[PDB]
Amino acid sequence: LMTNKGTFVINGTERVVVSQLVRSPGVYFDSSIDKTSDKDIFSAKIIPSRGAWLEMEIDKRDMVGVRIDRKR
DNA sequence: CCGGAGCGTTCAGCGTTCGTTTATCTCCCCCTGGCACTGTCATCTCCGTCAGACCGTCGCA
């Protein structure tokens, strides 16, 4: 239990469980520039709270492709 | 005026007690072997390095 002071008294010692900054689950779209390609490349990713992640990179060599956990 | 008795010290007969062993008797530890309805493919990893190089590898040309 947390006391009225906001602390956990565990093993006779006073601890605090701080909040954690993380990325919010959802879709995320990014744009980048490659010197070799001389063109812009866009990417999308769907990061969940618990499950696996999937990505979609468009026009690496003017083809759009999917990354299912970056396997093949 | 030596002589004897009492006293001090020092050894040989057998008589008991120790110092160190030995095999037998309980209690425990430790390893190999038995179980007979059937039961025949797990497991979660890993992401918001990072920075570029070194290198071999590999399919396209």
# chains A, B, ... in the order shown; residues from 1 in each chain; ligands from 1
>>> closest_atom_pairs(of="chain A", to="chain B", cutoff="8 Å", atoms="only C-alpha atoms (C1' of nucleotides)", output="JSON lines")
{"residue": "A:23", "atom": "CA", "partner": "B:48", "partner_atom": "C1'", "distance": 7.4}
{"residue": "A:53", "atom": "CA", "partner": "B:47", "partner_atom": "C1'", "distance": 7.1}
{"residue": "A:69", "atom": "CA", "partner": "B:46", "partner_atom": "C1'", "distance": 7.8}
>>> write_last_selection(atoms="N, CA, C and O atoms", output="PDB file, in the first residue's frame")
ATOM      1  N   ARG A  23       6.701   6.046 -25.073  1.00  0.00           N
ATOM      2  CA  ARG A  23       5.961   6.402 -26.274  1.00  0.00           C
ATOM      3  C   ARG A  23       4.531   5.890 -26.179  1.00  0.00           C
ATOM      4  O   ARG A  23       4.291   4.755 -25.757  1.00  0.00           O
ATOM      5  N   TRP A  53       5.262  -5.358 -33.384  1.00  0.00           N
ATOM      6  CA  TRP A  53       5.228  -4.117 -34.142  1.00  0.00           C
ATOM      7  C   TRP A  53       5.278  -4.408 -35.635  1.00  0.00           C
ATOM      8  O   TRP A  53       5.861  -5.403 -36.072  1.00  0.00           O
ATOM      9  N   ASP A  69       7.988  -7.410 -37.988  1.00  0.00           N
ATOM     10  CA  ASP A  69       9.067  -7.608 -37.017  1.00  0.00           C
ATOM     11  C   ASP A  69      10.447  -7.660 -37.673  1.00  0.00           C
ATOM     12  O   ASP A  69      11.398  -8.168 -37.068  1.00  0.00           O
TER      13      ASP A  69
END
>>> select_by_dssp(residues="chain A", states="strand (DSSP E)", output="count of residues only")
33
>>> atom_distance(atom1="CA of residue 36 (chain A)", atom2="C1' of residue 51 (chain B)")
17.2 Å
>>> atom_distance(atom1="CA of residue 21 (chain A)", atom2="CA of residue 2 (chain A)")
21.1 Å
>>> atom_distance(atom1="CA of residue 72 (chain A)", atom2="CA of residue 46 (chain A)")
18.0 Å
